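What follows is a single structure, written as structure tokens, with notes after it.
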Amino acid sequence: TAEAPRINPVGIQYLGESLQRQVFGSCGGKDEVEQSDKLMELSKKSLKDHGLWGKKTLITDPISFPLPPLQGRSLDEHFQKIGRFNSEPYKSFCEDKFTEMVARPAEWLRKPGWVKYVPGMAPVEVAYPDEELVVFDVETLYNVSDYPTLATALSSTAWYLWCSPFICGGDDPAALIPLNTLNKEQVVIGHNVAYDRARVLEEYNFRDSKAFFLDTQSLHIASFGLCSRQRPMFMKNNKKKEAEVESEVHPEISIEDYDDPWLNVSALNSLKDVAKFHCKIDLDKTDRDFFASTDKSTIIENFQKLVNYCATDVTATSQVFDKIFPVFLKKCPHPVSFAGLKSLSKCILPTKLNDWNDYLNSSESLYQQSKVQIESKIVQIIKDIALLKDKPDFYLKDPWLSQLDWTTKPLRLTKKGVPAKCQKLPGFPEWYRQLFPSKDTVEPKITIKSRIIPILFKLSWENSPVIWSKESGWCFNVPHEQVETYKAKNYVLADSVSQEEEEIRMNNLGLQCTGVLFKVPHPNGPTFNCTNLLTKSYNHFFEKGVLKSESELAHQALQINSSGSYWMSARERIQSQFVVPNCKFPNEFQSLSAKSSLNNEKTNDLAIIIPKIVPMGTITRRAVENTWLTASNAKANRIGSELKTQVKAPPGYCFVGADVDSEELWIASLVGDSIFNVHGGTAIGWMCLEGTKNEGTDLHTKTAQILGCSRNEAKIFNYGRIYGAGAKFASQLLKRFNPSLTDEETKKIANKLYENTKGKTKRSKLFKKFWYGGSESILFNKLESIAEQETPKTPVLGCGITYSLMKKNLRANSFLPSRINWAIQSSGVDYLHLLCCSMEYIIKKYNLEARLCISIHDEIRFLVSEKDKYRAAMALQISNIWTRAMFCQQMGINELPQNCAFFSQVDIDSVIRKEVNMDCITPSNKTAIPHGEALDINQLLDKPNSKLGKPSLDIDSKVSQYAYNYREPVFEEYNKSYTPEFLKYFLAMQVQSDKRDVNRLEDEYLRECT
DNA sequence: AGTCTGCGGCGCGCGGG
DNA sequence: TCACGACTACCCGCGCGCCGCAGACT
DNA sequence: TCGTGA
Ligand SMILES: Nc1ncnc2c1ncn2[C@H]1C[C@H](O)[C@@H](COP(=O)(O)OP(=O)(O)OP(=O)(O)O)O1
Ligand SMILES: *P(=O)(O)OC[C@@H]1CC[C@H](n2cc(C)c(=O)[nH]c2=O)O1
Ligand SMILES: [Mg+2]
């Protein structure tokens, strides 16, 4: 009949028989069972205390379908052989690189194209360099055009120079450098090589390239570290640098080297700093002004100097790479990292030109037109106050008008005659003079966020006028009789210095002071000062009666400067993007499919953008790019927020994408559950695996429904709790989420939640400090135990830590939390690398037409033709199940839950938007977009023509030749340090919920020790 | 020699991911 | 009685206020 | 870099 589900002692389902056999082979161990009775008693006690024992779980029919066979007995061997197969030729080329350098030609010849210089022979004109490894550099004349001007390259036996046709003659500046990328496999090394890659001619194809661009910066980022932390690690480097610069003489003993030894090891990212650190070479940068000139005639002179400078940069980059590369190989010895770096290096974005131009024009025009009107409105009222010096009593009476300073500056005479020099304006108000930054300026310069406009439009708080003070930004006067009442309302009293100072301004005019000032609350209640009134998060107080507007214009001035913040932030970066149309280069836009099959129909507009991505830009080996990974999603009231919508696929092609769900939380649950050897051993693991995203019963949704907030807000709350936060901080976030809640209530909720979540703490001389009585106590204790280790490594792949963060380098100013954050975030990077390697191998094996388009952290997208659309999704699911199985096998568990094995939904679309059923309507864009589709696993299986085709035997024959070496997992050497009786006693104390029991257990171990 | 009179780098608020 | 001990993490760029200096007429 | 409890 039908198959029977497999359930462990907790109500958790495992995979079916066929999938178990195909993935894990045959593995069964009764030794886990042998000690499991003790572990199960402790786990049972915890699950009974919190209330999770006996609760219902989701049960689903088993899934079984055939899978491609593995290439090894275990997952580690299979991934090792695949990783070596993907990266073999380039890895051979990168090693055994030349050490000695070829001398330079005495004279360089200016002629268009590629010229080869070999010592002892005449120069030769060549079409391509045609070499396995070169070092490369590009220079551009950026004020005139975006296209390159000259380039040079160094190889093992020759020197090469490329000169543009523009400088030789003519007036057409559009040209690109050819390198024969499509037909020859080669490695190109260079600092910030993403800039250089966008200039190569053969890169503008939809077909996959055969060249690997390697970046020295990312290698320096990953190994030897840098001052990434803005204040903890970077400011220190800056202060020691300015101390070295100022005082030329160096004392024998440094003043603070003992406190912070790590200071010596770290270095800055810019290539000059890397060169002077590693290779002790000084580089001058003076020539960069010559390429700012707007005349091609100046480039004709100083040609020799510019060429020699570029060659010097090439030599410096080569000698820097020679030092960096072996240490990177020593830190990260698994081939999967190298293959993943190669995969992440190459990306492409297709788009259209006229659409881009229309988008830019619309956004800019609306932004300027919105700004001008409100500025004019405010100038018009300032003019009348400017003439109101006469009849001083009128401004004297009004408190806001009284707050204005109406003094005037007298006139100067030199030799009894007026200089009329360095005089702003003669005998005009002093406040009005400040508005003008220069004499020549005719109209006052006034803008939203200026400090004076909350006076120009009168505004009140609790029907009380606002007054500015030196120590406290804004304060409203409150009568004495109600002061305790405002203390009841939790309003904070003003500082004593300001209260003493305000008496003089009150007693002047003969006015009287019958009240004390009360500070206007900043969003943060304690020790924060309010500065600006038109800022966001003041909108809730606005129109509630907490803040009163006598001027309706303020409301308009609030709507403007809130519909146009994003465009103000990003207009520069967006408008400066480099786009290349198809009409300029007709022969280069080539389809992904090998068979063209005609039907081009002379497509009017196409364009390609090459994103400039640094693959490793953080201590946690994450990638950086300034515009696209930091692009905002579409919003109804924000002008120009449809950026990612501009990417479109060419006809006959589509985008297939996926996103990982609850990644870091799942990794944390796994590393917590590793000790028990059973999935769901901890309470937080059971509260992670309780349900699925589709049914709506995930952990984040439950947190959202308990706290009454959105799912994103719950995500912020949970991640902040996990990395380490405070109850006051969490209560503050609850105050942001709902403005109608009294502070004491939020504090009470935060305290009860944290008391249930974390639990109590205990300090003992044998067992150091540990947590007990909490749901996530074991997860924490394991994290601090692994953070303290001498040589920390990533649990999955054994990647080492940077030199700067090592505890030997730091004897003061220790940074414990960064290590905890680093381990998990790095594990996420390892997940991404495994996904990319598996997808590449499957694509190459089954001859699918596919190429990676973009990968924003968890999110991954591909460009796939119409015929192969479902096959890519099938490959994605296979990649996901392999990656999850590898993660479980490394920790010591040989089983996997069924619910978390596969992606929830895989989406097929034509443009880049977050959800397929989104209209994406902005103030600039008034046209709806047709919907795509999203499929789960069953809807993927029942569709026809979604199965893989016939394989190729030669690929397996090539994979089979590589070798495999056994390695012991990282947690085993950690566990062999501790003796088993100490382990059983430590766990037995960690499960107790009362302090007296823990004391008794400690004494019982002391008696057993004898 | 005095007498003011601008001025660009540094740092903090404030938004995007 | 002191010994921790605190504390979301990883990134990007723009606008306004402040200060230690350069520069044009007595 | 001051603050705090068991
Ligand atoms: N406020 C945040 N604080 C710390 N880390 C964050 C934060 N936001 C996002 N991240 C980190 C942790 C996330 O697992 C990871 C990916 O972002 P995100 O997609 O929002 O989480 P997620 O993978 O659980 O989404 P989902 O489950 O809906 O697919 O980056
Ligand atoms: P955006 O699409 O919103 O974010 C994409 C990725 C997800 C993870 C990373 N990230 C985003 C945000 C908003 C954050 O605060 N911290 C992150 O690490 O960027
Ligand atoms: Mg996600």
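Letters A, B, ... go to the chains of the structure tokens in the order shown; residues in each chain start at 1; ligands are counted from 1 in the same order.
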Test item: residues at most 12 Å from residue 19 in chain C, only C-alpha atoms (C1' of nucleotides), excluding those fewer than 4 positions along its chain, as a short mmCIF file (atom, residue, chain, number, x, y, z; two decimals) with N, CA, C and O atoms (P, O5', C5', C4', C3', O3' and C1' of nucleotides), in the first residue's frame:
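Saved result, selection_8.cif, follows:
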data_model
loop_
_atom_site.label_atom_id
_atom_site.label_comp_id
_atom_site.auth_asym_id
_atom_site.auth_seq_id
_atom_site.Cartn_x
_atom_site.Cartn_y
_atom_site.Cartn_z
P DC B 7 33.91 82.83 0.10
"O5'" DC B 7 34.54 81.53 0.79
"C5'" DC B 7 35.93 81.51 1.13
"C4'" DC B 7 36.34 80.11 1.56
"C3'" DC B 7 35.29 79.02 1.31
"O3'" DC B 7 35.93 77.81 0.93
"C1'" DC B 7 35.83 79.07 3.59
P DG B 8 35.43 77.00 -0.37
"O5'" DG B 8 35.97 75.51 -0.12
"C5'" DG B 8 37.37 75.27 -0.07
"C4'" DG B 8 37.73 74.35 1.09
"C3'" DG B 8 37.08 72.96 1.07
"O3'" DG B 8 38.00 72.00 1.57
"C1'" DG B 8 36.50 74.05 3.06
P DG B 9 37.85 70.45 1.18
"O5'" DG B 9 38.07 69.69 2.56
"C5'" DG B 9 39.35 69.74 3.20
"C4'" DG B 9 39.24 69.42 4.69
"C3'" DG B 9 38.62 68.06 5.02
"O3'" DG B 9 39.30 67.49 6.13
"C1'" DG B 9 37.33 69.79 6.01
P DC B 10 39.00 65.97 6.58
"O5'" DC B 10 38.06 66.14 7.86
"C5'" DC B 10 38.54 66.85 8.99
"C4'" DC B 10 37.54 66.81 10.13
"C3'" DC B 10 36.85 65.47 10.35
"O3'" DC B 10 36.80 65.18 11.74
"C1'" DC B 10 35.23 67.18 10.01
P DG B 11 36.32 63.74 12.25
"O5'" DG B 11 34.84 64.01 12.79
"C5'" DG B 11 34.61 65.06 13.73
"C4'" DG B 11 33.13 65.28 13.93
"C3'" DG B 11 32.29 64.01 14.04
"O3'" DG B 11 31.37 64.13 15.11
"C1'" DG B 11 31.40 65.41 12.37
#
Please identify every residue of chain A that has at least one atom no more than 7 Å from any atom of chain C, counting only C-alpha atoms (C1' of nucleotides), and report them as a short mmCIF file (atom, residue, chain, number, x, y, z; two decimals) with N, CA and C atoms, in the first residue's frame.
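Below is the file out36.cif, written as the result:
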data_model
loop_
_atom_site.label_atom_id
_atom_site.label_comp_id
_atom_site.auth_asym_id
_atom_site.auth_seq_id
_atom_site.Cartn_x
_atom_site.Cartn_y
_atom_site.Cartn_z
N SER A 569 18.52 61.12 -2.43
CA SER A 569 19.62 60.28 -1.98
C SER A 569 20.38 59.66 -3.15
N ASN A 626 27.11 49.43 -4.95
CA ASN A 626 26.52 50.61 -4.32
C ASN A 626 25.09 50.90 -4.74
N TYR A 719 15.98 39.17 15.13
CA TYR A 719 17.40 39.19 14.83
C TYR A 719 18.16 40.05 15.84
N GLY A 720 17.59 41.19 16.25
CA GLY A 720 18.22 41.98 17.29
C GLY A 720 18.33 41.24 18.61
N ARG A 721 17.30 40.46 18.97
CA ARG A 721 17.42 39.66 20.19
C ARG A 721 18.52 38.62 20.07
N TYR A 723 21.30 38.47 18.17
CA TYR A 723 22.69 38.93 18.22
C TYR A 723 23.06 39.62 19.52
N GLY A 724 22.11 39.87 20.41
CA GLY A 724 22.42 40.47 21.69
C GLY A 724 21.94 41.90 21.80
N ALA A 725 20.93 42.13 22.63
CA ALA A 725 20.31 43.44 22.77
C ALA A 725 19.94 43.65 24.23
N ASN A 821 28.65 37.03 15.65
CA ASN A 821 27.97 37.42 14.42
C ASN A 821 28.68 36.85 13.18
#
| task | Please identify the residues whose atoms come within 12 Å of ligand 2, using only C-alpha atoms (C1' of nucleotides) and all ligand atoms, and report them as a PyMOL selection string. | result | (chain A and resi 618+620+622-634+644+659-664+712-713+715-717+719-720+821+825+828-829+855-860+912-915) or (chain B and resi 15-17) or (chain C and resi 8-12)
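Residues from chain A found within 12 Å of chain D are residues 761, 762 and 763 of chain A, counting only C-alpha atoms (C1' of nucleotides).
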Kindly save the residues from that selection, with N, CA and C atoms included, as a short mmCIF file (atom, residue, chain, number, x, y, z; two decimals), in the first residue's frame.
data_model
loop_
_atom_site.label_atom_id
_atom_site.label_comp_id
_atom_site.auth_asym_id
_atom_site.auth_seq_id
_atom_site.Cartn_x
_atom_site.Cartn_y
_atom_site.Cartn_z
N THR A 761 21.35 33.09 35.08
CA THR A 761 22.78 32.89 34.89
C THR A 761 23.43 32.50 36.21
N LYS A 762 24.52 31.73 36.12
CA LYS A 762 25.22 31.24 37.30
C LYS A 762 26.72 31.26 37.06
N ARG A 763 27.47 31.57 38.11
CA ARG A 763 28.93 31.64 38.08
C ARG A 763 29.49 30.62 39.07
#
For residue 514 in chain A: contacts at 12 Å, only C-alpha atoms (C1' of nucleotides), fewer than 3 positions along chain excluded, given as a compact mmCIF listing (two decimals) with C-alpha atoms, in the first residue's frame:
# COMPACT_ATOMS: atom_id res chain seq x y z
CA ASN A 477 6.60 76.21 29.06
CA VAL A 478 4.34 74.49 31.60
CA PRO A 479 2.77 76.29 34.59
CA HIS A 480 3.87 75.32 38.09
CA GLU A 481 0.51 73.93 39.23
CA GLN A 482 0.59 71.20 36.56
CA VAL A 483 4.30 70.30 36.75
CA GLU A 502 15.54 81.47 30.75
CA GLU A 503 14.84 83.90 33.62
CA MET A 506 11.58 86.26 30.61
CA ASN A 507 12.20 89.23 32.92
CA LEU A 511 7.34 89.95 31.20
CA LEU A 517 10.26 74.60 30.64
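Nearest residue to ligand 1, choosing from A:250, A:693, A:391, A:84 and counting only C-alpha atoms and all ligand atoms: A:693.
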| query | Separation of CA of residue 181 in chain A and CA of residue 210 in chain A, in Å? | reply |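 Those two atoms sit 5.7 Å apart.
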| said: Which residues are close to residue 730 in chain A, i.e. within 12 Å by only C-alpha atoms (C1' of nucleotides), leaving aside same-chain residues fewer than 2 positions away? Reply as number ranges by chain. | reply: A: 524, 707, 713-714, 716-722, 724-728, 732-737, 743, 746-754; C: 8
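Proximity ranking of A:710, A:438, A:957, A:582 relative to chain B places A:438 first, based on only C-alpha atoms (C1' of nucleotides).
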| A:839, A:658, A:179, A:292: which is nearest ligand 3, counting only C-alpha atoms and all ligand atoms? |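 Once distances to ligand 3 are computed over only C-alpha atoms and all ligand atoms, the minimum belongs to A:658.
Interatomic distance, CA of residue 619 in chain A against CA of residue 818 in chain A: 9.9 Å.
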| request: Return the single residue from A:12, A:134, A:878, A:422 that is closest to chain B, with distances computed using only C-alpha atoms (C1' of nucleotides). | output: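 Using only C-alpha atoms (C1' of nucleotides), the shortest distance to chain B belongs to A:422.
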| task | Please run DSSP on the backbone and report, as number ranges by chain, all residues within range 695-848 of chain A that come out as strand (DSSP E). | result | A: 760-764, 768-772
Would you output that residue set with N, CA and C atoms, as a PDB file, in the first residue's frame?
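Generated output (part32.pdb):
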ATOM      1  N   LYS A 760      18.086  32.398  33.572  1.00  0.00           N
ATOM      2  CA  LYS A 760      18.982  32.860  34.621  1.00  0.00           C
ATOM      3  C   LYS A 760      20.434  32.530  34.282  1.00  0.00           C
ATOM      4  N   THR A 761      21.350  33.087  35.076  1.00  0.00           N
ATOM      5  CA  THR A 761      22.780  32.888  34.890  1.00  0.00           C
ATOM      6  C   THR A 761      23.433  32.503  36.212  1.00  0.00           C
ATOM      7  N   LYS A 762      24.519  31.735  36.121  1.00  0.00           N
ATOM      8  CA  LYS A 762      25.219  31.242  37.298  1.00  0.00           C
ATOM      9  C   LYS A 762      26.721  31.262  37.057  1.00  0.00           C
ATOM     10  N   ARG A 763      27.473  31.569  38.114  1.00  0.00           N
ATOM     11  CA  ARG A 763      28.929  31.635  38.084  1.00  0.00           C
ATOM     12  C   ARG A 763      29.488  30.619  39.068  1.00  0.00           C
ATOM     13  N   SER A 764      30.306  29.695  38.570  1.00  0.00           N
ATOM     14  CA  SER A 764      30.969  28.692  39.390  1.00  0.00           C
ATOM     15  C   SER A 764      32.431  28.608  38.979  1.00  0.00           C
ATOM     16  N   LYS A 768      32.902  27.981  35.049  1.00  0.00           N
ATOM     17  CA  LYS A 768      32.942  29.365  34.540  1.00  0.00           C
ATOM     18  C   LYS A 768      31.556  29.985  34.712  1.00  0.00           C
ATOM     19  N   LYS A 769      31.013  30.668  33.711  1.00  0.00           N
ATOM     20  CA  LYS A 769      29.686  31.264  33.791  1.00  0.00           C
ATOM     21  C   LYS A 769      28.797  30.634  32.731  1.00  0.00           C
ATOM     22  N   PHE A 770      27.586  30.240  33.119  1.00  0.00           N
ATOM     23  CA  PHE A 770      26.683  29.612  32.166  1.00  0.00           C
ATOM     24  C   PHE A 770      25.243  30.027  32.433  1.00  0.00           C
ATOM     25  N   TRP A 771      24.413  29.857  31.409  1.00  0.00           N
ATOM     26  CA  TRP A 771      22.992  30.162  31.473  1.00  0.00           C
ATOM     27  C   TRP A 771      22.205  28.889  31.759  1.00  0.00           C
ATOM     28  N   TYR A 772      21.064  29.048  32.425  1.00  0.00           N
ATOM     29  CA  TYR A 772      20.210  27.910  32.726  1.00  0.00           C
ATOM     30  C   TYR A 772      18.766  28.372  32.857  1.00  0.00           C
TER      31      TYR A 772
END
In range 325-440 of chain A, DSSP alpha helix (DSSP H) residues written as an mmCIF file with C-alpha atoms, in the first residue's frame:
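Contents of states18.cif, freshly written:
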data_model
loop_
_atom_site.group_PDB
_atom_site.id
_atom_site.type_symbol
_atom_site.label_atom_id
_atom_site.label_comp_id
_atom_site.auth_asym_id
_atom_site.auth_seq_id
_atom_site.Cartn_x
_atom_site.Cartn_y
_atom_site.Cartn_z
ATOM 1 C CA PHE A 325 47.884 34.572 -2.911
ATOM 2 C CA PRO A 326 49.570 31.739 -0.875
ATOM 3 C CA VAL A 327 48.143 32.978 2.435
ATOM 4 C CA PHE A 328 44.639 32.987 0.950
ATOM 5 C CA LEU A 329 45.222 29.425 -0.228
ATOM 6 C CA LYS A 330 46.357 28.458 3.287
ATOM 7 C CA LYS A 331 43.334 29.993 5.038
ATOM 8 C CA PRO A 335 37.976 24.050 -3.740
ATOM 9 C CA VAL A 336 34.312 25.061 -3.403
ATOM 10 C CA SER A 337 35.293 28.565 -2.251
ATOM 11 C CA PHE A 338 37.468 29.108 -5.336
ATOM 12 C CA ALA A 339 34.741 27.817 -7.663
ATOM 13 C CA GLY A 340 32.150 30.030 -5.974
ATOM 14 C CA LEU A 341 34.383 33.084 -6.329
ATOM 15 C CA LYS A 342 34.754 32.340 -10.043
ATOM 16 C CA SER A 343 30.971 32.026 -10.337
ATOM 17 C CA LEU A 344 30.316 35.291 -8.466
ATOM 18 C CA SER A 345 32.804 37.282 -10.568
ATOM 19 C CA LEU A 353 17.958 52.603 -23.726
ATOM 20 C CA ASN A 354 14.909 54.791 -24.403
ATOM 21 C CA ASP A 355 13.126 53.366 -21.347
ATOM 22 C CA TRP A 356 16.125 54.332 -19.202
ATOM 23 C CA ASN A 357 16.138 57.880 -20.577
ATOM 24 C CA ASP A 358 12.387 58.313 -20.048
ATOM 25 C CA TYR A 359 12.676 57.096 -16.446
ATOM 26 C CA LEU A 360 15.476 59.559 -15.659
ATOM 27 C CA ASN A 361 13.717 62.517 -17.294
ATOM 28 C CA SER A 362 10.385 61.914 -15.547
ATOM 29 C CA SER A 363 11.885 61.509 -12.077
ATOM 30 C CA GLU A 364 14.118 64.591 -12.342
ATOM 31 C CA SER A 365 11.360 66.860 -13.682
ATOM 32 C CA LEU A 366 8.848 65.885 -10.990
ATOM 33 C CA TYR A 367 11.437 66.311 -8.218
ATOM 34 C CA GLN A 368 12.454 69.846 -9.247
ATOM 35 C CA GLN A 369 8.866 70.974 -9.852
ATOM 36 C CA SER A 370 7.849 69.751 -6.393
ATOM 37 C CA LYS A 371 10.733 71.565 -4.662
ATOM 38 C CA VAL A 372 10.384 75.041 -6.211
ATOM 39 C CA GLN A 373 6.825 75.844 -5.087
ATOM 40 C CA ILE A 374 7.299 75.259 -1.347
ATOM 41 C CA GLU A 375 10.544 77.242 -1.348
ATOM 42 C CA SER A 376 8.736 80.190 -2.969
ATOM 43 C CA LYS A 377 5.917 79.949 -0.403
ATOM 44 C CA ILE A 378 8.342 80.317 2.471
ATOM 45 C CA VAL A 379 10.338 83.218 0.911
ATOM 46 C CA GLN A 380 7.164 85.237 0.433
ATOM 47 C CA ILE A 381 6.364 85.327 4.147
ATOM 48 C CA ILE A 382 9.971 86.091 5.089
ATOM 49 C CA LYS A 383 9.856 89.307 3.032
ATOM 50 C CA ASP A 384 7.158 90.939 5.203
ATOM 51 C CA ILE A 385 8.996 90.166 8.465
ATOM 52 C CA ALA A 386 12.116 91.664 6.864
ATOM 53 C CA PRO A 392 9.101 97.562 17.153
ATOM 54 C CA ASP A 393 6.204 96.988 19.574
ATOM 55 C CA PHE A 394 4.460 94.694 17.068
ATOM 56 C CA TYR A 395 7.164 92.046 17.079
ATOM 57 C CA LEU A 396 7.912 92.888 20.712
ATOM 58 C CA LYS A 397 4.567 91.553 21.943
ATOM 59 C CA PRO A 399 6.465 85.556 21.755
ATOM 60 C CA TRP A 400 7.660 83.901 18.540
ATOM 61 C CA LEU A 401 8.366 87.342 17.086
ATOM 62 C CA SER A 402 9.972 88.358 20.391
ATOM 63 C CA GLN A 403 12.306 85.353 20.129
ATOM 64 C CA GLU A 430 20.959 91.000 11.515
ATOM 65 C CA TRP A 431 18.856 87.851 11.077
ATOM 66 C CA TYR A 432 18.236 88.737 7.424
ATOM 67 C CA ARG A 433 21.958 89.221 6.740
ATOM 68 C CA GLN A 434 22.765 85.657 7.825
ATOM 69 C CA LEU A 435 20.444 84.199 5.162
#
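Put simply, CA of residue 958 in chain A is 7.6 Å away from CA of residue 85 in chain A.
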